[PDB]
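Participant: Can you read through this structure? Questions will come right after.
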Amino acid sequence: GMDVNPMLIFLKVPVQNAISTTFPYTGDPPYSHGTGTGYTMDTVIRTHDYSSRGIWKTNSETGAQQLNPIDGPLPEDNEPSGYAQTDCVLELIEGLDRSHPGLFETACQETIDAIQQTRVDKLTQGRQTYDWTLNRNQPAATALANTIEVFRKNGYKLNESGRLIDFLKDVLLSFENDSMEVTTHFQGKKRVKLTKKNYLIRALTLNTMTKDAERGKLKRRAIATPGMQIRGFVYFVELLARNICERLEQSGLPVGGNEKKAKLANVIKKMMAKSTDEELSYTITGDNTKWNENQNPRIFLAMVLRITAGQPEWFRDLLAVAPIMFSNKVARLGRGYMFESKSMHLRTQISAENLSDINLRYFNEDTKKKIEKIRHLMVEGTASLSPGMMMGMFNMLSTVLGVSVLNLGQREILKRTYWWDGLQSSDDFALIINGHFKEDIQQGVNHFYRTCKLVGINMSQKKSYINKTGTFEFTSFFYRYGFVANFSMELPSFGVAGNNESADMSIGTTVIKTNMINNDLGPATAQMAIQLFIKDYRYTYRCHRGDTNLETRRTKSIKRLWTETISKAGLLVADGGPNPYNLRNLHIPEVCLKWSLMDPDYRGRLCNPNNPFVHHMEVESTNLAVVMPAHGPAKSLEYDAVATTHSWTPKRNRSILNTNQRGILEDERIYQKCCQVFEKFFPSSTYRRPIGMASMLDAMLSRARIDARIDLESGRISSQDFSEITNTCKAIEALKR
Amino acid sequence: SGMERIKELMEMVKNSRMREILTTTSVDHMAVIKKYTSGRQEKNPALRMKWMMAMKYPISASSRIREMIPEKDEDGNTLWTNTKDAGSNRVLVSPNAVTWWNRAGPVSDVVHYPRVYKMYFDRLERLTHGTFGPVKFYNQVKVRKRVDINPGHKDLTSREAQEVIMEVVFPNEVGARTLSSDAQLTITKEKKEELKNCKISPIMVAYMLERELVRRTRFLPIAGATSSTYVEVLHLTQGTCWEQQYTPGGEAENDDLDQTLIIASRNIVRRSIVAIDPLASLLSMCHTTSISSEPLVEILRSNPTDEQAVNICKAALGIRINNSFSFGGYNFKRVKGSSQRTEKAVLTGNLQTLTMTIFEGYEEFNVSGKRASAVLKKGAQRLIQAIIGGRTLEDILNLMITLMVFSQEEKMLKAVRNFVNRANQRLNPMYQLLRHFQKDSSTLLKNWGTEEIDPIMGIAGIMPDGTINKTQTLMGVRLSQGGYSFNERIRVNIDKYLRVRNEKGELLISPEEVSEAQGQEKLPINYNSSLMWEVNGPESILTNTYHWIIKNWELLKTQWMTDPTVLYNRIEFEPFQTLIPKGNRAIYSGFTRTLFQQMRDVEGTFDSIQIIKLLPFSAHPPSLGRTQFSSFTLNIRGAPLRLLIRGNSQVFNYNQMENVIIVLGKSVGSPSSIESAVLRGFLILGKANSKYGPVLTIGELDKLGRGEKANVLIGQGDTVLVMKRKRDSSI
Amino acid sequence: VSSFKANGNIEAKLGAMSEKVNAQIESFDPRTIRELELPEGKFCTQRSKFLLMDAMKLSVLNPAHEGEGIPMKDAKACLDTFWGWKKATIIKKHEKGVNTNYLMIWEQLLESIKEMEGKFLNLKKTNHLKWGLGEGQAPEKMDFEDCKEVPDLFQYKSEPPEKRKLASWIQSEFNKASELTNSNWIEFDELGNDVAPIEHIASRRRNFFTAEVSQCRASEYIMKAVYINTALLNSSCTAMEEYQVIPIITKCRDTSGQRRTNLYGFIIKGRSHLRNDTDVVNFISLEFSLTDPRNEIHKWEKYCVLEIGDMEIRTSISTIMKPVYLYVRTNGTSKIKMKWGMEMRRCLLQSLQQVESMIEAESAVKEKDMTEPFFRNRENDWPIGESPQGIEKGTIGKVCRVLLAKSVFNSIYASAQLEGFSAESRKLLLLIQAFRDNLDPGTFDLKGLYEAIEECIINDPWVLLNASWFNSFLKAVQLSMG
RNA sequence: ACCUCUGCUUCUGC
RNA sequence: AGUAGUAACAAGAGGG
Ligand SMILES: CN1CN([C@@H]2O[C@H](COP(=O)(O)OP(=O)(O)OP(=O)(O)O)[C@@H](O)[C@H]2O)c2nc(N)[nH]c(=O)c21
Ligand SMILES: [Mg+2]
């Protein structure tokens with residue numbers, strides 16, 4: 001009667017060396033269903049509770065109730081606290097300035113240069129963005145377009161320069177307007193005038209939603225998305241902080257996996273060298289609890305002013321904007337709630353805005369208590385949220401704060417029987433504390449921990465632990481006298497990526513290859529991963545080998561291609577061909593690998609540049625996929641592939657056809673039309689964005705004229721063309737009139 | 001032509017909306033509206049594709065597909081529809097359309113494909129003509145380094161590649177700025193020629209040209225050769241416990257070969273200095289070593305590299321040497337005098353401590369060059385005076401700057417406007433101070449000074465400018481002419497200890513001058529030698545030595561008991577000696593052998609782990625010493641690691657739970673309260689005792705007496721009861 | 001801020017801050033810590049989408065018949081191998097269902113199969129089938145203004161899950177999952193030819209791997225999952241209004257080498273207008289078994305089990321009639337669950353990567369490939385189980401199958417309970433490791449860590465088993481220490 | 001009872 | 001009923 005228990009393997013195998021078995025990433029991760037309104041309310045409440053002993057004010061412009069815990073009473077227990085102290089923060093930042101002579105000045109000068117150079121279109125980069133013009137989320141570029149358009153209609157157009165800073169100027173100046181005008185589509189189109197207050201509340205709004213597909217957690221949590229007014233200001237603050245973090249050896253940001261690992265190793269090595277043989281050394285595997293909910297905009301305002309000391313006032317004030325806006329932020333409360341009647345078999349949606357005055361009879365006890373606490377914070381359908389940093393976004397700048405505490409631990413500063421150093425990456429850290437005896441270690445850990453509390457950093461006492469230096473964890477990297485592999489973290493990336501036939505083949509082989517190099521994917525398993533990938537690709541894309549008797553919508557066409565091909569080894573897998581891959585050729589694009597084996601006609605069709613399937617847009621987004629790792633944010637992935645008829649694009653979602661927002665599809669179609677024809681005059685604009693104040697039309701007319709002339713006096717074109725063009729140009733010229 | 005595009009435009013401008021857009025959207029603002037979309041980045045593309053590939057028409061294609069292929073195929077499949085994709089004029093089509101086209105569509109010619117996609121096709125060529133050696137199994141530390149990932153680049157910056165690609169693919173859209181460099185121009189010519197008449201999308205051409213032209217890098221765990229042609233196949237050549245010997249097809253860069261030759265020569269020199277007969281040992285290794293299966297001897301015969309270690313090897317082999325070194329692409333030959341290496345700290349203009357070596361002494365330097373030459377004088381961080389000549393004023397510029405940098409003066413130190421990369425890896429100091437003052441002399445020249453040179457109607461001058469002046473110049477800078485016999489290779493001789501002298505008997509090179517920097521070869525070095533571990537590298541010296549001890553432990557143990565001094569002198573421990581600082585080898589040996597004798601003397605206090613740990617440190621004629629050691633320093637890649645005498649360290653620890661010795665994180669297998677081999681002339685008895693007085697440091701055990709037991713802070717926070725032994729152990 | 005200069009600011013406030021603000025370290029000794037507490041309640045019940053150990057197949061050796069490959073044609077050929085049919089009766093009630101409806105669905109299905117022509121089968125929307133598939137069960141949607149006054153209008157039930165406690169069946173299923181069958185379940189697609197020596201080395205190791213894994217019962221489930229989820233996603237997408245029948249098929253090969261098609265039962269897909277990735281498709285599963293549920297009813301709470309026939313067993317000194325049951329169930333899944341089920345082959349990679357890393361680590365120190373030694377010199381060198389005597393050890397082959405089964409069960413029983421349990425218990429594992437490495441581990445709030453683990457153990461059978469396994473590990477480690 | 005549209009689009013940040 | 005699990009699905013929207 002033997003019962004199998006896979007955990008018993010750890011009797012013999014050190015946990016880190018079989019750590020892969022503790023990561024269940026072959027199953028579907030948890031998803032939220034329905035509203036995030038409950039989590040949002042939760043967060044708003046918690047953030048206020050942790051700062052509750054501060055001062056309340058009513059904001060003159062928004063009327064929002066605003067809690068200020070800064071320089072409040074000192075923490076009295078180990079609960080998460082927001083009572084950060086300005087003078088303590090400034091001491092740490094000054095200590096960091098001292099430790100890095102000239103670093104702040106340089107990082108500032110690089111930011112000034114960037115401010116001058118940065119184009120409005122930088123803001124086209126980003127994901128879902130709250131769009132105050134629609135009071136809805138939109139893609140970043142669309143949100144940018146909408147803000148620009150509504151601005152110009154209301155008389156703000158410094159951004160016509162094309163420089164980002166001029167758009168920022170427009171943003172601040174927009175807040176003076178008596179009555180910002182937008183247009184709704186009634187449930188059609190209609191002019192709406194926002195009160196100065198309405199507009200300002202929208203400008204300061206974070207949209208909120210719940211985070212799906214996060215691993216390692218029983219319960220769901222809320223996240224937030226800021227709008228366009230703040231985004232450009234955040235851009236520059238974080239650029240400044242990034243410039244600094246890059247020169248901090250204790251910063252985990254912004255370096256990636258291998259480099260993060262190198263830097264951790266370095267810091268152990270550094271530390272160990274700097275210690276004496278008689279010192280103990282311990283490592284805290286450290287997590288901060290309620291990071292987002294306990295950092296404070298007012299503190300980041302202090303950090304920015306201090307970091308930029310001595311700099312031009314225009315730049316300082318520019319950088320200070322983001323913190324100020326965050327101090328004055330509000331959260332949208334989400335989609336609301338669904339209600340149901342058993343007796344009457346019906347169900348209904350209420351809005352988050354409804355929560356201001358809806359009868360409370362409909363709600364469970366928990367939710368009703370939430371609404372009651374939230375009500376005092378509500379303003380024009382939003383909840384005031386002065387404390388905290390719900391949306392995050394100051395990753396780099398909060399990292400600077402954490403590092404500043406690490407930097408305090410130098411022996412010449414402390415002059416104690418202990419000292420410390422380590423690495424910081426947002427709300428993960430590793431702390432290395434040294435001293436002569438265990439009681440020095442405890443004291444040093446208390447010093448570090450209490451200092452953290454004085455600046456609103458709260459070490460999770462449940463998630464953190466301590467041991468003698470030698471082993472530790474940091475962001476699911478496991479160190480046992482050197483980093484070990486964690487193959488299971490990467491398991492979700494083994495599959496068909498779902499970009500297209502061409503991209504997916506290259507992504508699939510590259511994933512195997514990078515895991516062989518980086519995550520100790522053994523060669524036997526790597527071979528099996530090829531076989532399993534090929535099978536999944538064939539089933540997904542219905543591109544089973546041409547000699548197989550599976551029935552799909554594709555099989556008859558692929559069989560013809562098969563029977564008509566001489567060199568079958570030349571056929572791409574997506575064309576019913578065999579798999580050519582083994583370990584040695586994983587880095588070779590399929591098309592290259594089979595090039596010499598292809599029937600010339602097949603190759604010639606496959607690679608016909610005239611084909612109507614490939615969708616090229618821009619050099620800078622070519623051969624790029626977005627992948628979502630198991631942990632952390634979505635990432636651009638470069639792949640190597642020859643553009644062929646397999647480099648196609650799946651269809652767009654069509655749900656918008658049934659909505660008020662369906663007009664947008666037509667506007668999109670027009671703009672693309674305009675941009676495509678523009679590119680026929682200026683091919684180079686798919687590589688490097690063109691610059692100019694000239695209209696698109698004037699630019700194209702001047703190009704056509706000069707091109708027709710050189711065409712003529714090169715021989716390429718006849719006179720009875722050169723006439724037709726220059727004539728057509730003059731008609732366009734007049735029709736423009 | 002330009003015929004149909006203008007007709008289209010005409011057409012569009014007839015429409016009022018489009019005319020408004022085209023007239024009121026600047027070129028700048030086009031960047032915004034180009035990305036205007038209702039479509040969002042798919043958050044779960046894997047799921048979505050699985051869902052959509054079940055559908056009849058999941059693919060979106062240009063509407064012109066409808067005139068290009070049949071609506072239905074021979075089998076009745078609809079291939080396209082007229083449904084517009086949301087937000088465009090593309091239409092919804094079946095995957096059957098893709099296959100149709102691939103069997104029955106318009107055939108194109110593919111002459112440009114190999115050329116446009118050369119970066120990719122080259123990979124296949126290198127593999128098709130690669131050669132496989134065998135697989136070996138061993139544990140090797142793979143250290144994470146930034147490495148090159150794309151062979152065949154042109155080492156352009158992103159600016160210079162952009163400029164080149166604009167000239168090649170879109171010449172009329174270049175704008176004002178056109179190409180400086182001759183490198184840019186010659187690339188432009190070639191590419192223009194190779195890609196003329198090319199009908200592949202200029203998007204792909206530009207994308208490929210950019211990938212191919214710019215040196216790109218990546219941070220990777222890499223144990224062997226770091227050249228890009230090796231990085232490219234790292235997945236194939238390197239595993240956790242194995243190496244697949246392999247040689248890519250095609251030629252190595254001369255730069256990679258030169259770099260590897262220097263690394264090989266240094267390794268050979270450093271290994272040889274610790275042998276009883278250095279010259280014999282160096283010659284042996286020279287004669288067995290190969291780089292990519294080329295004999296080192298042939299390389300040394302035909303390679304012009306002038307470097308100290310390289311020149312020692314050349315001397316040994318009867319090859320004539322140029323007694324010069326290169327710095328910043330210019331060959332330097334010291335005429336008279338000499339100087340001294342000194343490690344000292346330096347506050348730069350950035351406000352930065354950066355403590356690398358200085359040269360301190362009188363040194364006349366003749367400096368040859370591409371198009372220039374000069375007669376630099378140098379004291380201690382001094383430019384005593386540099387007279388420079390060349391074809392162009394330009395060629396006098398490069399070298400002008402190089403020489404101010406090379407001087408090490410305070411006026412260039414306190415004139416810069418970090419010392420590590422982001423991974424916090426130390427960088428080349430007296431090469432980076434050049435790189436900086438390269439693209440920005442400005443501060444240097446206006447912080448250098450000037451001088452009022454006499455009429456002496458011959459010696460011109462250069463100003464804080466680049467300008468030429470009559471009887472002024474920079475501080476110690478001149479512009480004259482002069483400078484065949486600089487390049488002449490001389491016959492030298494070399495003694496048993498690697499000292500190189502000319503035929504007149506004058507000392508040219510000594511092994512101690514050889515740079516101590518432990519680099520990483522770009523190409524594979526095989527020493528093929530009994531004097532070198534099969535697995536290269538300093539980390540591997542550590543793991544291999546301890547692995548070897550452990551696996552031979554039965555023999556080595558009885559040798560330890562019966563015949564110590566033969567064990568100490570074994571040749572397998574000589575590589576390890578190269579990791580021990582020269583100045584510590586003897587004292588460390590003395591300490592170790594004494595501890596081992598105490599272990600022998602005090603019976604029943606045997607400890608195999610302690611013996612294994614300390615054994616390599618025995619391998620040097622011992623010196624007498626009072627000093628007690630709590631650790632021994634090893635130098636691994638420029639960084640001291642300390643191995644603790646008592647118990648476990650990060651470098652060497654025994655793990656009870658696995659029952660293995662772990663060395664720099666790698667298992668190398670496994671083999672009373674009284675500790676006999678930790679302090680010389682003391683025993684550790686066990687836990688400290690307050691009933692034997694207060695706690696002394698180690699360096700205060702000084703004045704105890706036979707039998708007299710103390711409490712000691714012995715290491716890593718422990719306090720123990722020691723006793724000064726009654727008898728002694730001698731060596 | 002511009003004029004600020006620091007002067008003891010941190011030191012002053014540290015000296016004003018309560019000593020209750022501290023990070024006191026508590027020494028961590030696994031010998032004096034308690035086991036995890038599991039929840040109490042009713043016994044946990046089965047929640048796989050298909051039967052595991054209790055499944056029964058009708059199969060055809062070397063299928064030839066008209067339309068080999070066409071699922072329904074294969075299903076009829078498998079059905080035709082069975083002669084023991086008999087009027088269906090209910091023997092184990094779904095207490096909360098209309099047990100009559102399930103009987104009638106079976107009869108309807110059998111009849112419709114009997115009479116089908118074509119390659120697909122869509123069932124009539126009878127009242128019994130509409131009930132089973134939750135037709136019309138969604139409340140009618142209305143504007144709030146039009147129903148705000150209804151007395152019982154209320155927030156959707158949004159409460160912690162009901163707790164359930166461990167039962168023995170889940171460990172029993174796990175044991176079976178890690179066992180060898182005499183069928184090869186996995187057929188792999190081709191590689192390019194081996195050319196590099198390391199490729200040849202890898203293929204030898206790979207063949208040992210498959211020879212442990214392809215015959216493992218866990219691998220049968222993989223193939224069941226991949227087939228069921230693929231067919232249900234394709235059908236979900238293309239036949240949204242149809243009650244489509246999906247036969248549950250796998251194909252294997254004997255150790256003799258002969259092909260075999262296997263029919264386990266059928267699925268009836270409900271309507272499938274799946275929009276959000278969590279949106280549910282209801283389905284009915286009807287699966288053959290020789291297991292009598294009445295012996296372990298807590299395992300089968302959601303099922304209605306029918307008796308549908310008899311199976312002749314014949315040692316030709318006796319012949320005995322074995323009841324054939326049909327396990328019938330309403331169930332549901334989503335696009336997100338179907339997608340992951342389609343990818344369950346990745347479980348092979350999680351197991352074999354770990355096994356391979358163990359072979360490689362030993363190879364490094366032995367300076368040679370330890371594959372053949374590991375797979376051939378079957379010493380019991382890995383603790384993988386426990387009997388009443390004590391810890392039992394197995395070969396690397398056993399390890400491969402146990403790790404595969406763990407991975408496969410993680411996929412079948414994916415949950416937020418498992419996610420949080422896994423992450424939090426991992427810290428406790430690492431603390432034990434730190435003690436055994438002599439690294440003097442300490443905690444800041446061990447009590448909090450225990451609660452963080454324990455709140456994740458609610459009602460999921462796999463999580464309850466994994467919690468049990470952690471405790472057994474803790475006890476084993478404790479026994480090996482004090 | 002019919003007809004039509006929709007299957008990521010009022011909800012996925014850094 | 002069932003899926004699920006702190007809130008949802010168990011078709012939605014529009015026309016007639
Ligand atoms: C600044 N230099 C450079 N140099 C010689 O030129 C050699 C090459 O310069 P380098 O760029 O530092 O290279 P190298 O030292 O080989 O680099 P590494 O040892 O880090 O691999 C030096 O090792 C040194 O012998 C000098 N020699 C003398 N006498 N005086 C000097 O001021 C200088
Ligand atoms: Mg956190």
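Chain labels follow the order of the structure tokens: the first chain is A, the next B, and so on; residue numbering restarts at 1 in every chain, and ligands are counted from 1 in their shown order.
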Please, which residues of chain B lie no more than 12 Å from chain D when the count uses only C-alpha atoms (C1' of nucleotides), and can they be set out as a list in words?

Facilitator: residues 37, 38, 39, 40, 41, 42, 43, 44, 45, 47, 48, 49, 51, 52, 55 and 86 of chain B

Participant: Please identify all polymer residues within 8 Å of residue 3 in chain E, counting only C-alpha atoms (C1' of nucleotides), omitting same-chain residues fewer than 4 positions from it, and present them as a PDB file with C-alpha atoms (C1' of nucleotides), in the first residue's frame.

Facilitator:
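selection-v3.pdb, written as the output of this step:
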ATOM      1  CA  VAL C 280     -19.309  29.020 -20.152  1.00  0.00           C
ATOM      2  CA  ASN C 282     -22.545  23.720 -20.825  1.00  0.00           C
ATOM      3  CA  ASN C 331     -20.511  20.169 -16.875  1.00  0.00           C
ATOM      4  CA  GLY C 332     -19.093  23.428 -18.209  1.00  0.00           C
ATOM      5  CA  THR C 333     -15.889  24.917 -19.570  1.00  0.00           C
TER       6      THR C 333
ATOM      7  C1'   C E   9     -21.769  32.822 -17.302  1.00  0.00           C
TER       8        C E   9
END

Participant: With only C-alpha atoms (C1' of nucleotides) as the counted atoms, please give the residues lying no more than 6 Å from range 249-256 of chain A, apart from itself and same-chain residues fewer than 4 positions off, as a compact mmCIF listing (two decimals) with N, CA and C atoms, in the first residue's frame.

Facilitator:
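Printed below is selection_37.txt as written:
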# COMPACT_ATOMS: atom_id res chain seq x y z
N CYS A 245 18.65 55.28 -12.20
CA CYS A 245 18.66 53.86 -11.84
C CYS A 245 19.73 53.07 -12.60
N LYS A 260 20.16 41.43 -14.52
CA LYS A 260 19.75 41.43 -13.12
C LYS A 260 20.53 40.37 -12.33
N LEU A 423 19.97 44.84 -3.26
CA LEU A 423 19.38 45.20 -4.53
C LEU A 423 17.89 45.46 -4.34
N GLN A 424 17.39 46.43 -5.10
CA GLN A 424 16.01 46.89 -5.01
C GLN A 424 15.41 46.93 -6.41
N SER A 425 14.20 46.39 -6.55
CA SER A 425 13.45 46.45 -7.79
C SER A 425 11.96 46.64 -7.49

Participant: Output the contact residues of chain E with respect to chain C at a cut-off of 6 Å, based on only C-alpha atoms (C1' of nucleotides), as a count of residues only.

Facilitator: 7

Participant: At a cut-off of 7 Å and counting only C-alpha atoms (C1' of nucleotides) and all ligand atoms, what residues surround ligand 1? Please answer as a VMD selection string.

Facilitator: chain B and resid 325 to 327 338 to 339 358 to 359 363 406 to 408 428 430 to 431 515 to 517 519

Participant: Residues of the last selection are to be written out with C-alpha atoms, as an mmCIF file, in the first residue's frame.

Facilitator:
data_model
loop_
_atom_site.group_PDB
_atom_site.id
_atom_site.type_symbol
_atom_site.label_atom_id
_atom_site.label_comp_id
_atom_site.auth_asym_id
_atom_site.auth_seq_id
_atom_site.Cartn_x
_atom_site.Cartn_y
_atom_site.Cartn_z
ATOM 1 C CA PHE B 325 52.779 47.953 -28.146
ATOM 2 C CA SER B 326 49.610 49.352 -29.733
ATOM 3 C CA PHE B 327 47.412 51.972 -28.057
ATOM 4 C CA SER B 338 61.455 53.669 -18.317
ATOM 5 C CA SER B 339 58.679 53.943 -15.713
ATOM 6 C CA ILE B 358 49.523 54.950 -13.591
ATOM 7 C CA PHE B 359 52.885 55.057 -15.389
ATOM 8 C CA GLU B 363 59.884 57.582 -21.291
ATOM 9 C CA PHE B 406 47.928 58.579 -23.050
ATOM 10 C CA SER B 407 49.817 61.174 -20.956
ATOM 11 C CA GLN B 408 47.576 60.487 -17.921
ATOM 12 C CA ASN B 428 38.922 49.807 -19.729
ATOM 13 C CA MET B 430 42.752 54.530 -20.390
ATOM 14 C CA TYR B 431 40.744 53.480 -23.456
ATOM 15 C CA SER B 515 49.174 42.431 -18.055
ATOM 16 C CA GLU B 516 47.494 40.505 -15.217
ATOM 17 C CA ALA B 517 44.047 40.964 -16.813
ATOM 18 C CA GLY B 519 40.350 38.115 -20.514
#

Participant: What is the CA of residue 71 in chain A-CA of residue 85 in chain A distance in Å, reported with one decimal?

Facilitator: 4.7 Å

Participant: Which of range 280-512 of chain A end up as alpha helix (DSSP H) when DSSP is run on this backbone - answer as JSON, numbers by chain?

Facilitator: {"A": [291, 292, 293, 294, 297, 298, 299, 300, 301, 302, 303, 304, 305, 306, 307, 313, 314, 315, 316, 317, 318, 319, 320, 321, 322, 323, 324, 325, 326, 327, 365, 366, 367, 368, 369, 370, 371, 372, 373, 374, 375, 395, 396, 397, 398, 399, 400, 401, 402, 403, 404, 405, 406, 407, 411, 412, 413, 414, 438, 439, 440, 441, 442, 443, 444, 445, 446, 447, 448, 449, 450, 451, 452, 453, 454, 501, 502, 503, 504, 505, 506, 507, 508, 509, 510, 511, 512]}

Participant: Around ligand 2, at most 12 Å away and counting only C-alpha atoms (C1' of nucleotides) and all ligand atoms, which residues are there? Put them as a VMD selection string, please.

Facilitator: chain A and resid 80 217 221 286 to 295 392 425 to 429 457 to 464 475

Participant: Since we have the selection now, will you write its residues out, keeping N, CA and C atoms, as a short mmCIF file (atom, residue, chain, number, x, y, z; two decimals), in the first residue's frame?

Facilitator:
data_model
loop_
_atom_site.label_atom_id
_atom_site.label_comp_id
_atom_site.auth_asym_id
_atom_site.auth_seq_id
_atom_site.Cartn_x
_atom_site.Cartn_y
_atom_site.Cartn_z
N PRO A 80 0.73 48.14 7.72
CA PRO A 80 1.19 49.01 6.65
C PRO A 80 0.81 50.45 6.99
N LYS A 217 -1.61 33.51 -6.59
CA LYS A 217 -2.47 34.24 -5.66
C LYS A 217 -3.90 33.70 -5.68
N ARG A 221 -7.04 41.31 -7.76
CA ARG A 221 -6.77 42.68 -7.33
C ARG A 221 -7.09 43.66 -8.47
N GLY A 286 13.27 39.57 0.49
CA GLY A 286 12.40 40.63 0.97
C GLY A 286 11.28 40.98 -0.01
N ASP A 287 10.08 41.21 0.55
CA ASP A 287 8.95 41.73 -0.19
C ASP A 287 8.34 42.89 0.59
N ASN A 288 7.95 43.94 -0.12
CA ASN A 288 7.20 45.02 0.49
C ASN A 288 5.69 44.76 0.32
N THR A 289 4.94 44.93 1.43
CA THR A 289 3.49 44.80 1.51
C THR A 289 2.86 46.19 1.34
N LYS A 290 1.86 46.27 0.45
CA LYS A 290 1.12 47.49 0.22
C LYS A 290 2.04 48.62 -0.27
N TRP A 291 2.91 48.28 -1.22
CA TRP A 291 3.76 49.23 -1.91
C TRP A 291 2.97 50.36 -2.55
N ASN A 292 2.11 50.01 -3.51
CA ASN A 292 1.31 50.96 -4.25
C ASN A 292 0.46 51.78 -3.28
N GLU A 293 -0.12 51.14 -2.27
CA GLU A 293 -1.08 51.80 -1.41
C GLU A 293 -0.44 52.70 -0.35
N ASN A 294 0.88 52.64 -0.17
CA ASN A 294 1.54 53.42 0.88
C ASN A 294 2.56 54.42 0.33
N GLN A 295 2.94 54.35 -0.94
CA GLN A 295 3.76 55.44 -1.45
C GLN A 295 2.86 56.66 -1.65
N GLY A 392 0.59 52.86 -9.93
CA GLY A 392 2.02 52.55 -9.97
C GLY A 392 2.80 53.61 -10.74
N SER A 425 14.20 46.39 -6.55
CA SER A 425 13.45 46.45 -7.79
C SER A 425 11.96 46.64 -7.49
N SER A 426 11.50 47.90 -7.44
CA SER A 426 10.14 48.21 -6.99
C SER A 426 9.91 47.58 -5.62
N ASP A 427 9.04 46.56 -5.56
CA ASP A 427 8.58 46.04 -4.29
C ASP A 427 9.20 44.68 -3.99
N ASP A 428 10.27 44.33 -4.71
CA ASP A 428 11.15 43.24 -4.33
C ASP A 428 12.50 43.81 -3.92
N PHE A 429 13.12 43.16 -2.94
CA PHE A 429 14.47 43.51 -2.56
C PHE A 429 15.14 42.29 -1.97
N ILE A 457 7.84 52.83 3.32
CA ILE A 457 8.10 51.48 2.83
C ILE A 457 7.83 50.48 3.95
N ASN A 458 7.03 49.47 3.62
CA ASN A 458 6.50 48.52 4.57
C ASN A 458 6.91 47.11 4.17
N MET A 459 7.94 46.55 4.81
CA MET A 459 8.37 45.18 4.54
C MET A 459 7.26 44.23 4.97
N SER A 460 6.82 43.36 4.06
CA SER A 460 5.91 42.28 4.40
C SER A 460 6.58 41.30 5.34
N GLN A 461 6.08 41.21 6.58
CA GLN A 461 6.67 40.31 7.57
C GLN A 461 6.23 38.86 7.32
N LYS A 462 5.15 38.65 6.56
CA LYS A 462 4.68 37.31 6.23
C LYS A 462 5.37 36.72 5.00
N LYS A 463 5.82 37.58 4.07
CA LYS A 463 6.38 37.14 2.80
C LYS A 463 7.91 37.16 2.82
N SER A 464 8.50 37.77 3.86
CA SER A 464 9.95 37.93 3.92
C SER A 464 10.55 36.93 4.90
N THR A 475 12.52 37.80 -7.21
CA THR A 475 11.62 37.79 -8.35
C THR A 475 11.67 36.46 -9.08
#

Participant: Return as JSON, numbers by chain the full set of residues in range 276-379 of chain C whose backbone-based DSSP assignment is strand (DSSP E or B).

Facilitator: {"C": [280, 281, 282, 283, 284, 285, 286, 287, 288, 289, 304, 305, 306, 307, 308, 309, 310, 311, 312, 313, 314, 319, 320, 321, 322, 323, 324, 325, 326, 327, 328, 329, 330, 331, 332, 333, 334]}
